[PDB]
Every structure is written in C-alpha cells, then in structure tokens.
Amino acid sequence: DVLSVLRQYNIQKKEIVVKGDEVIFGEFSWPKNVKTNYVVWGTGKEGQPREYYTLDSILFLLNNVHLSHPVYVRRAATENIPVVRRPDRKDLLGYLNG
C-alpha cells in the first residue's frame, strides 16, 4: 500500500520525486491522485460512502507540516488540495514519521 511506502521513504529520508501528475518512489510510480487506504474522518458513517485520502493530499500535509494546522487548512483551500482533517492529523503524521 502506497501509504506504507511513503512512511518508509519519509522515515529513511529517501528521495520522493514529483513529476507532473506522477509520484516516483525509487523505481516505482503512482498517480498523485491515487487513493490511499486511509479513510477520511467522518466518512463511511450515517450511510455515506467511505472516502480515502489521495497521495497528493498526504504529500501536501508533509510538505507543510511546519504550519499551524489552521493556516495549513487555508493553504490547502487556496491550492485546491483536499485537507487532512484535524481528527486524522496526529495519527497520520505519527504513522508517517514513526
């Protein structure tokens, strides 16, 4: 699963290459909008479909982790990238950083 690959690359600081709409991990590649297996907070409940974070959304959080979460939310809105919702933030960053 691509989120486990992203964890591995992030923890060992191995280069991740973004090229147009593609993300390259070593000699492997995924579309940037590939769905991870991480269900978005609030979805999959009250009869509404599960939705999953895209790889792009997670990379954008990682690249902007220095911001306070509210300012990051504004940056995601401005860049038209889905936000990682606050209830998912600590767990996702914990998983990605080990």
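Start at 1 with the first residue shown and count on from there.
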| query | finding |
| --- | --- |
| Stretch with the greater mean C-alpha B-factor as recorded in the entry, comparing 28-36 against 50-58 | 28-36 |
| Mean temperature factor over C-alpha atoms, higher-scoring stretch between 78-86 and 13-21 | 13-21 |
| Where the record places residue 92 (Cα B-factor, split into thirds across the chain) | lowest |
| Cα B factor band for residue 6 (lowest, middle or highest third within the chain) | lowest |
| Residue 69 - which third its CA temperature factor falls in, relative to the rest of the chain | lowest |
